[PDB]
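In the entry's author numbering, the protein residues as written are 3 to 97. Ideal Cβ placement from N, Cα and C applies to all residues, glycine included. So the structure is just underneath, and the comments pick up after that.
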């Protein structure tokens, strides 16, 4: 009965700089734009860029690395921080 925390386990790409676009895929990633109050990628905050789409898909650019794995966390008012088994590998800026 209790609402399960947003689960993440899907990604179109699998390698690219932080500014690289990546489509989030999972389950119960908040059933509303307002619900998605908190958003962070690689520890770096990126809510401003993050855009709500559905209870699974979320468009947002991966934030600069800070942690050491690349866990896609997603906060939700109904629930809390989303856990992700998968992690995006951040590539050094092209220059």
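Endpoints, the beta strand (DSSP E) within which residue i is located
{"i": "residue 62", "result": "60–63"}
{"i": "residue 75", "result": "74–76"}
{"i": "residue 12", "result": "9–13"}
{"i": "residue 41", "result": "41–43"}
{"i": "residue 27", "result": "23–29"}
Beta-carbon gap between residue i and residue j smaller than 8 Å
{"i": "residue 74", "j": "residue 19", "result": "no"}
{"i": "residue 78", "j": "residue 8", "result": "yes"}
For residue j and residue i, the rounded distance between their alpha carbons
{"i": "residue 29", "j": "residue 68", "result": "25 Å"}
{"i": "residue 83", "j": "residue 65", "result": "16 Å"}
{"i": "residue 76", "j": "residue 94", "result": "24 Å"}
{"i": "residue 59", "j": "residue 12", "result": "10 Å"}
{"i": "residue 39", "j": "residue 14", "result": "24 Å"}
{"i": "residue 96", "j": "residue 22", "result": "11 Å"}
Beta-carbon proximity list for residue i, same chain, < 8 Å, skipping 5 on both sides
{"i": "residue 80", "result": "5, 32, 33, 37"}
Own chain partners of residue i with C-beta closer than 6 Å, once the 5 adjacent residues on each side are dropped
{"i": "residue 51", "result": "62, 63"}
{"i": "residue 42", "result": "75"}
Own chain partners of residue i with C-beta closer than 7 Å, once the 5 adjacent residues on each side are dropped
{"i": "residue 17", "result": "91, 93"}
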